[PDB]
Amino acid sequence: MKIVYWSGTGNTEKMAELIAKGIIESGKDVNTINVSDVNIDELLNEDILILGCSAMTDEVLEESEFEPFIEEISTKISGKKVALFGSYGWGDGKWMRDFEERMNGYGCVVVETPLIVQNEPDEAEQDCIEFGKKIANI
């Protein structure tokens, strides 16, 4: 499988690693890819797109890299399964609620409740691993 994410300080990156750990513990392989190194054509071949990005500016997706990436794949993902995640700091998940609505509007099937964790996982480390296990169980 594949996990594509953007992280500014490493919080979402840590979530990605843990989600990957859950998928692997379930017996499957998974590649963690920073959005800057992603290959769209290779990504679109996947049965499930696992996408992550922290809350930026005022409850939006990161603007310089992640946002453009979502825009580029937006017209080629209708009917595709996607799982969303990300770390946030002071809000309560607005950027993620919007991200979910957005992907749905592109015709994607959001397979699980998006995983959001405040700051670095820490106590939520197991929640990240379990999210990965749910995705692997699809």
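We number the residues from 1 along the sequence you see.
A.B. asks: On mean Cα temperature factor in this entry, is 113-121 or 11-19 the higher one?
C.D. replies: Result of the comparison: 113-121.
A.B. asks: Could you check the entry and say whether 34-42 or 47-55 has the higher mean CA B-factor?
C.D. replies: Result of the comparison: 34-42.
A.B. asks: Check the PDB entry and point out which of 77, 60, 70, 82 has the largest C-alpha temperature factor.
C.D. replies: Max CA B-factor in the entry, restricted to 77, 60, 70, 82: 77.
A.B. asks: Using the temperature factors of the C-alpha atoms in this entry, rank residue 105 within its chain: lowest, middle or highest third.
C.D. replies: Ranked within chain, residue 105 CA B lands in the middle tercile.
A.B. asks: Considering only modelled residues of the same chain, in which third does the CA B-factor of residue 91 rank: lowest, middle or highest?
C.D. replies: Middle third of the chain for residue 91's C-alpha B-factor.
A.B. asks: Could you tell me which third, lowest, middle or highest, the C-alpha B-factor of residue 3 occupies within its chain?
C.D. replies: Middle third by C-alpha B-factor.
A.B. asks: Sorting the chain's CA B-factors, does residue 98 end up in the lowest, middle or highest third?
C.D. replies: Within its chain, residue 98 is a lowest-third residue by C-alpha B-factor, going by the deposited values.
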